[PDB]
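Right, one structure below, let's go through it.
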Amino acid sequence: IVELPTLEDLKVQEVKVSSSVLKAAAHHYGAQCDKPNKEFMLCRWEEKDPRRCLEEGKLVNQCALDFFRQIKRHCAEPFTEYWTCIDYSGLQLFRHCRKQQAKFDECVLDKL
Amino acid sequence: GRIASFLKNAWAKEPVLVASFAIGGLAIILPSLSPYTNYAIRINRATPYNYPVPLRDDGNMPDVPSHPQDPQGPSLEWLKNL
Amino acid sequence: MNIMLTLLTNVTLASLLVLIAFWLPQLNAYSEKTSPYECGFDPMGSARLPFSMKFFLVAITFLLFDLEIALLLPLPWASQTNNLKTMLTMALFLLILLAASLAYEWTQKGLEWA
Amino acid sequence: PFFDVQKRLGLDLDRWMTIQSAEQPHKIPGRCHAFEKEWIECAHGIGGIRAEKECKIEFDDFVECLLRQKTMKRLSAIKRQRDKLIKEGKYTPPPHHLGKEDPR
Amino acid sequence: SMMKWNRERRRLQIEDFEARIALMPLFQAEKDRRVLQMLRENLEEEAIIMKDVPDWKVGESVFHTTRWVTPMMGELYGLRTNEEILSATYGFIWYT
Amino acid sequence: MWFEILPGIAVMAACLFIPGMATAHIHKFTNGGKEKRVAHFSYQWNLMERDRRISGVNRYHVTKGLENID
Amino acid sequence: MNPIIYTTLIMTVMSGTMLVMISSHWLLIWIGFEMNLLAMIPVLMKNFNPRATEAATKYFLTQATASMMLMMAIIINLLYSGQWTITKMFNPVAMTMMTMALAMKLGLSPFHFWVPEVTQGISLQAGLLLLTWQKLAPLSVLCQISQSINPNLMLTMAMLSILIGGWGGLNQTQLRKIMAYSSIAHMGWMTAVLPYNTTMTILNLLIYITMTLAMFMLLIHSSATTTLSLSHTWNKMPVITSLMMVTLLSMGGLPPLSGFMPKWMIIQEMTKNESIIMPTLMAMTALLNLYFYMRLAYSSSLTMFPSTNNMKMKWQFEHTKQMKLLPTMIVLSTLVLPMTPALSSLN
Amino acid sequence: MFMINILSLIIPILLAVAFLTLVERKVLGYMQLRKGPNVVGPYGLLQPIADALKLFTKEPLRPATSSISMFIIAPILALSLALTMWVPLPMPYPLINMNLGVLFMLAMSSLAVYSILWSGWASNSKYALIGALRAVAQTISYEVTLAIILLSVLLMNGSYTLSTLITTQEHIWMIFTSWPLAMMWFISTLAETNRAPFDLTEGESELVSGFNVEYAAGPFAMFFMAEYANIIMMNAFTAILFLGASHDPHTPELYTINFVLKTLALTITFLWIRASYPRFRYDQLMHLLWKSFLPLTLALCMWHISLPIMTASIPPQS
Amino acid sequence: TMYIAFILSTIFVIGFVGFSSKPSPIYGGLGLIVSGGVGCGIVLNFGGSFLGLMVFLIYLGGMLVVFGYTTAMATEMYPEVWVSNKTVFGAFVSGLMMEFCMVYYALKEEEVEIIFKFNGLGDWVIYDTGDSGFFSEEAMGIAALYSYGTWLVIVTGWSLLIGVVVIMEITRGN
Amino acid sequence: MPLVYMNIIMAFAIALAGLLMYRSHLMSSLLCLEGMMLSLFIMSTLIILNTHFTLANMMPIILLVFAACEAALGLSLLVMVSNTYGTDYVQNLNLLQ
């Protein structure tokens, strides 16, 4: 008897980047994508019901997609040169790689 | 005066125990003196295991930054200089 | 799982060593050979009561320190609490009492060990 | 004689440990914080006696929050029902290889 | 030396906390949609299985409460393959 | 003389040497050079939770890169 | 054991009970009893006798199992309501056990058998303290859980404590065992009225403590123990036997005397509840309780058992180490009857 | 294939205890000027297996007076735990990433000696009972200080997980920071393992091979073997815990190549202790501990509790 | 599933069957060893690992040893094995049939009628999401004992201390 | 309530019945009591792990402490009774149950 959203209406194409790769660039991802994001979580902690904020939960997905679309056309080879360095450690520790982050962060701070 | 003298005695007799009381008390008296202690607690305010839930705008406020990184929130580079 | 597997392989290993230890030499056990050792001459009596107050008089103190260290264990994690001045006294406090307890024993001549 | 000196002096030295909510380190939620919160907000000037009447529903939902008793009797009734259909029904194919792994 | 190195490691730690703290929200979204998904699906499977029963309101919340609960991760895996359940609950602890 | 101890001791080392290697490479052998993954906390396990399902293969060793989004 | 340590023990007993009387959280109550125990055993072991040792064995063994059942029933309460505050309990199968655990802690029958024995094993100092101070804490929690008590279960032990507190009292000679059956009988009267109205309980408690302080201070003053040993005292310091008579009658609750004040408020309260039969049986048996106070009075003051000769030299020597608190403990435990209404001070 | 990893952890170590025996007679031999075993080798090397074969081949009587069940179950437990303590040990990569495996090392170490208690109880002999009892005395008496000093050296790494203990030693080594605790840890490992000056469990001349006597062939081989398991293992433990090393993740093997040195460098030292000091006697053995080690362990403990606050140097791990 | 936690509960209970029967304290010490390791395993299954290792350390690594001392002071010649008396062994069987009836009730899958209802089915069902940041609930949960709960620390300190005093004032009397 | 809890509770009931069937030398009773203690501990900890009622993570260990503490006391009394006899419950000086 509980109200539920249809199996379809929730459906959205997933972000499908792997978690290590995700983490490699997420440090910028928080810096850029933002307004939809905080709108979302603030919307969540308000009313607690997920269904209420599910739509913003879509909007954040697509926002992140646009973020990576902005990424791939520019930095990528430096980028892959970076997260490949990181995914190699199972602690995912930032300290292990770092130097590549010079490559990646510079190519972004200039080229994009 | 004379009380100092039996320190020579105990130091002659039970040195282990003497060093024990030494550092054992010193470890209690010393810490209040150190300024770094105020930083020390402060560091553990800085690190956030839990998420920082956003607050809704409601007329300026206005020290809360509205992100990106508005220079309105707490500084933390003081820590960076450490 | 993981750990239960290594437990099983270890215990089965050892038990295997036991079974190859007994069911192997295949020779003659007999009485007096199987009699308990007593540096030659036969025992004056089966083991009874090596009583000593000097056992528990300290061993109990072991038990009541071990309970204490059980409280010491949370400390490394407690160290990262947001409010150390509220903590720090206690971090010292128990240790003082630990020491204090010992100190009380130290000189009531309750610590004759041995 | 429930002396409540800790209250008169305001020491609160004991009170903190009480209750599912009541501020916990790193603000970790209780598993049943909500029903508890409602149920306590229901409980004040009503005091003890009438409280076991009027606030009963809240405490009930809180009970099921604690034990999940009824949802278990239900879920058990379903899983036991399914055996009867096991020859008459083949259940669901995806559980085995559906989009649930695509789902994230 | 221990002081220097320890402080520095505290810095890289806190930065790592910003990293995760940036990742979080969309994971919240994902787990969200995935939960409502599984709940819907299992509810439909309820509509099939329990339908034979003459008297059975389907999917009724046990509570009087209108409010959402976040289901116990028991009913949420009410019909899943045993392996999926081993992934579900013990999967962390049994993981090395 | 005393140097003659060495054959006795070196055999020790190699034996002890073996596990330290044998585990460290088996990880890489299983994980595809990913060098294992610790999961002390629920969250990191949540990352391995989000994983495996993301890879079409269930073995999560592989990390699909940017190409996955297109 | 030197006084400086003895006093720390006894003070940590006081603390170990005060803690029960303060804390609202259950865990601190179980800690209250638990700390109380450890600090209670050693004080029974002063002087130390081959007898005293097994006395303490009895006491510890029962108190330990009691505390165990109590903690179990707390945990079950938490399981079925997720709380720690005292308040109502929320599961009868647990509640009856908390009642049992406390029933051992008071020594109510049929759990009672340890109390007459333990009293035998210790000196009247440690004895008095055991029969008064130890009776506070468990009552201190029962007053807090009077709200939900299952009255049937309470009145049954409350009665049976009075019958057993009677019949086992007619039989003994040496006084300490008798004091044990006296107390084991009064606890029936305290715990009886508890479901109905706690203020009457606390009143009765105060009278009981005052009374048994009167007696044990007197037995200390004369160092009597076995009944015959008490019998000689009429010639040496006639007053104190001539005063044991009275305090005994106040135990008996002959109506002008103070000890009547408890019963006669209790009968009131229960009578508001109807329940008219129970107090009648109870009050009738309390008579049986009185009778061995009377026989004990016959050994002592009213009649002179033959003196032994050796006593004569002892006549020259005044008693010493006066116990200051005593005279007031007599007088309050006797004359106070036209000061019942003041009981409402206890609200 | 996790199973073959485990097997790969258990075979090499048993080989290591065998050759440990041989090294023991070797070095401990050359301290005595006399050469150790040699003739059967050529360098003695073949000896330990000949030794073990001599044992297992030899008849292991079931004593008439002994209860049999305890008598058999004890050795099993001895090798059991002696091996089980090895699992969570970072070399560099632990076979298991226990969140708090150090504490587990203490758990195994603490159930260890209980086997000694049974070993001497079921053995029924007078020497068995007396020696076993004093054995348990010394052991526990050292586990308390043991676990406290281990705590105090763990306040600063951050947390009970072991791998992090590598990370916290990426430079200076722990030892320069708190060597005196390293001393007490060393000696506590020198007694908990029941070794040279703290020799009593074996008793030796004092009690003709102590608790271990009535055990004959195989079970004796088990207690003997397990004993050496604990010795090399506490040695390795001390090594990782007080002596850090450079660690490139890309070449883990390099690290291990270093590690076995740093631990072997410890084990040899016990032998070079064995050749040096007369045993304590059961009074003094416990005297120096309760009277002398312990109070320093406490004072040092408060001190180490207090440095991170005064120095504002609190370790990262949550 | 495996029901492994539950079967551990079963071995636990028989651990108390052989333990609560009273056949020389030493074998009972074995009983608490078995029940001890089973215990720490069971609590480990919910992941409160630190606690399970407390009991596996503080209890079994402490207690049963000191009991391995009391028997040196008690023993008496010819201690009895479980099989060594009709009432002891009778008792052990007496436990086994009961607990087995409980397992049969688990086969019945019906809610238990004894004492109060036992809801049945597998253990996993009650679990909920354990989601958290880089810290276990337990860690800070017990770490709270010092900073956030000083009162208990006070009374425990005081209690253990004066317990040492009590041990003195009992043993010294002799 | 899930069956496991019922099982532990039953282990308590046996850990009590064993204490009270109570026979021969009493050292067995200190064992049975400690077993009882352990069952209460485990039954508590499973709960505090259940609802993530985090503060109470402190209790079980504290519980354990005092409980172990009293047992630690108990042996001492046994010593004394062992001191005059070589222990057995069968011998008690006191009269009137």
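Note on naming: chains are A, B, ... as they come in the structure tokens, residues start from 1 per chain, ligands start from 1 in the order shown.
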When the cut-off is 10 Å and we count only C-alpha atoms, which residues of chain J are near chain C, given as a PyMOL selection string?
chain J and resi 58+61-62+64-66+68-69+72-73+75-76+79-80+82-83+86
Output file for the residues above (N, CA, C and O atoms, as a short mmCIF file (atom, residue, chain, number, x, y, z; two decimals), in the first residue's frame):
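So the final result, stored in selection_26.cif, reads:
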data_model
loop_
_atom_site.label_atom_id
_atom_site.label_comp_id
_atom_site.auth_asym_id
_atom_site.auth_seq_id
_atom_site.Cartn_x
_atom_site.Cartn_y
_atom_site.Cartn_z
N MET J 58 30.21 1.22 25.03
CA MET J 58 31.04 1.19 26.21
C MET J 58 30.56 0.22 27.27
O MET J 58 31.39 -0.30 28.01
N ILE J 61 31.95 -3.84 28.01
CA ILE J 61 33.27 -4.02 28.55
C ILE J 61 33.20 -3.62 30.01
O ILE J 61 33.68 -4.35 30.87
N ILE J 62 32.52 -2.53 30.31
CA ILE J 62 32.41 -2.15 31.70
C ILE J 62 31.66 -3.19 32.46
O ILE J 62 32.08 -3.54 33.56
N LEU J 64 31.68 -6.26 31.92
CA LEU J 64 32.59 -7.36 32.05
C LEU J 64 33.45 -7.10 33.25
O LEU J 64 33.56 -7.95 34.13
N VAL J 65 33.94 -5.88 33.34
CA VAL J 65 34.90 -5.56 34.37
C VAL J 65 34.37 -5.95 35.71
O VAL J 65 34.90 -6.87 36.33
N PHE J 66 33.28 -5.33 36.14
CA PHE J 66 32.89 -5.58 37.52
C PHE J 66 32.55 -7.02 37.70
O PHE J 66 32.81 -7.59 38.75
N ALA J 68 33.77 -9.61 36.23
CA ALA J 68 34.99 -10.38 36.38
C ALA J 68 35.57 -10.05 37.73
O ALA J 68 36.06 -10.93 38.44
N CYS J 69 35.41 -8.79 38.12
CA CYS J 69 35.98 -8.32 39.35
C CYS J 69 35.43 -9.11 40.52
O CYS J 69 36.20 -9.58 41.36
N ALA J 72 36.80 -12.40 40.66
CA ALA J 72 38.17 -12.35 41.06
C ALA J 72 38.22 -12.35 42.56
O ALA J 72 39.10 -12.95 43.16
N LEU J 73 37.25 -11.71 43.18
CA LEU J 73 37.14 -11.75 44.62
C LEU J 73 36.81 -13.14 45.10
O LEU J 73 37.31 -13.59 46.12
N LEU J 75 37.40 -16.18 44.35
CA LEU J 75 38.40 -17.21 44.52
C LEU J 75 39.05 -17.04 45.85
O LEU J 75 39.36 -18.02 46.52
N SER J 76 39.20 -15.79 46.27
CA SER J 76 39.90 -15.54 47.50
C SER J 76 39.15 -16.19 48.65
O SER J 76 39.76 -16.85 49.49
N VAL J 79 39.79 -19.73 48.76
CA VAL J 79 41.10 -20.04 49.31
C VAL J 79 40.96 -20.32 50.77
O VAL J 79 41.41 -21.35 51.27
N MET J 80 40.27 -19.41 51.45
CA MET J 80 40.15 -19.53 52.87
C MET J 80 39.42 -20.80 53.23
O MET J 80 39.84 -21.52 54.13
N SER J 82 39.26 -23.34 51.35
CA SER J 82 40.18 -24.39 50.96
C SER J 82 41.27 -24.50 51.99
O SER J 82 41.87 -25.56 52.16
N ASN J 83 41.55 -23.40 52.68
CA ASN J 83 42.67 -23.38 53.59
C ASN J 83 42.48 -24.29 54.79
O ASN J 83 43.45 -24.81 55.33
N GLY J 86 40.61 -28.30 52.32
CA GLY J 86 40.73 -28.92 51.02
C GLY J 86 39.29 -28.99 50.57
O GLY J 86 38.56 -29.90 50.97
#
Neighbour list for residue J:89 as number ranges by chain, cut-off 6 Å, only C-alpha atoms, skip fewer than 4 positions in-chain
J: 24-26
If we count only C-alpha atoms, which residues of chain D reach to within 10 Å of chain J? Please list them as a list in words.
residues 16, 17, 18, 19, 20, 21, 22, 23, 24, 25, 27, 28, 29, 30, 31, 32, 33, 65, 66, 67, 68, 69, 70 and 72 of chain D
Atom CA of residue H:12 sits from atom CA of residue F:15 at a separation of 5.2 Å
Can you work out which one of C:83, C:108, C:28, C:6 has the shortest atom-to-atom distance to chain G, counting only C-alpha atoms?
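Nearest candidate to chain G out of C:83, C:108, C:28, C:6: C:108.
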Show me, as a ChimeraX atom specification, the residues of chain B whose atoms get within 12 Å of chain C, using only C-alpha atoms for the distance check.
/B:17,20-21,24-29,31-32,37-49
Give me, please, the distance in Å between atom CA of residue H:110 and atom CA of residue H:198, quoted to one decimal.
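Taking atom CA of residue H:110 and atom CA of residue H:198, their separation equals 17.5 Å.
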Contacts of stretch 47-54 of chain E within 7 Å, only C-alpha atoms, excl. fewer than 4 positions in-chain, as an MDAnalysis selection string:
(chainID D and resid 78 82) or (chainID E and resid 43 58)
